[PDB]
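Here's the structure we're looking at; comments come further down.
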Amino acid sequence: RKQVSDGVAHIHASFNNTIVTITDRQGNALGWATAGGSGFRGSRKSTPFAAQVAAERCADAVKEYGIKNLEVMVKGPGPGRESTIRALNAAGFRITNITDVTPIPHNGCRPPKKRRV
RNA sequence: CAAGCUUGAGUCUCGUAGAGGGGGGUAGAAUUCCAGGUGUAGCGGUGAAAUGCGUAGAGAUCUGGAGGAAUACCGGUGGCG
Ligand SMILES: [Mg+2]
């Protein structure tokens, strides 16, 4: 319906899940898919493979604009940091730049207590 | 008890290092919140879940603003009291 050809893959990779969002340079959301909503729950949801099909499913709800180049923004420590990026590149995508944007406070907010499991 | 003596103890001069104390300014990261743009069905959480949150449009992304609290890297059997 419209045209971009130049995008950015923001991947949010937490421990429990990994959300993939495709966007233009402006930061406007073009398409998105998550692992948790691609048929993966709990123990399987938090896997690199689930992040992979997330990246794959996302490349199908965006090529309506015919993106052809993009940059990658890796946020968080979970799986699908890396495997998500791979799936994008195999789905027919030229990777321009890779950047980690995981936030690091300069020691500000006190985090939750340690879990005594 | 009286006179002393200069090594103990002080005083003087010029410098050095320091998270030593008290007051006042100020900074950039992040969280949460408020207001919007893009976007759409999930997010969140766990060993597994559910409670919880989201079509009154969340989460994700970009933008502007409010507020509080603490000061990554430096950073170290480093330093000061
Ligand atoms: Mg802020």
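Proteins get letters first, then strands, A, B, ... in listed order; numbering begins at 1 in each.
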Handout entry: Sole residue of A:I22, A:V72, A:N69, A:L70 in side chain to side chain contact (heavy atoms under 4.5 Å, CB included) with A:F93
Key = A:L70

Handout entry: Under 3.5 Å side-chain donor-acceptor pair for A:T102 and A:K75
Key = no

Exercise for the section: Could you tell me whether A:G42 contacts a base, only the sugar-phosphate backbone, or nothing, with contacts defined as non-hydrogen atoms closer than 4.0 Å? Expected result: base

Exercise for the section: For A:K45, answer base if it contacts any base atom (sugar-phosphate contacts may also be present), sugar-phosphate if it contacts only those atoms, and nothing otherwise; contact means non-hydrogen atoms under 4.0 Å. Expected result: base

Minimum-distance nucleotide to [X] side chain [options: [options]]:
X     : options                : result
A:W32 : B:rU46, B:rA41, B:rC43 : B:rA41
A:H10 : B:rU71, B:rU61, B:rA30 : B:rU61
A:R41 : B:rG44, B:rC62, B:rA48 : B:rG44
A:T34 : B:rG44, B:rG59, B:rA30 : B:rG59
A:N28 : B:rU46, B:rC62, B:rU38 : B:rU38
A:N17 : B:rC43, B:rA60, B:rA29 : B:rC43

Practice task
Using a 3.5 Å upper limit on both distances, decide if B:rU77 and B:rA30 constitute a Watson-Crick or G-U wobble pair.
Solution key: no

Problem - A:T18 vs A:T34 side-chain heavy atoms within contact, under 4.5 Å - result: no

Practice task
Give a yes/no on whether any side-chain N or O of A:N16 is located under 4.0 angstrom from OP1 or OP2 of B:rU46.
Solution key: yes

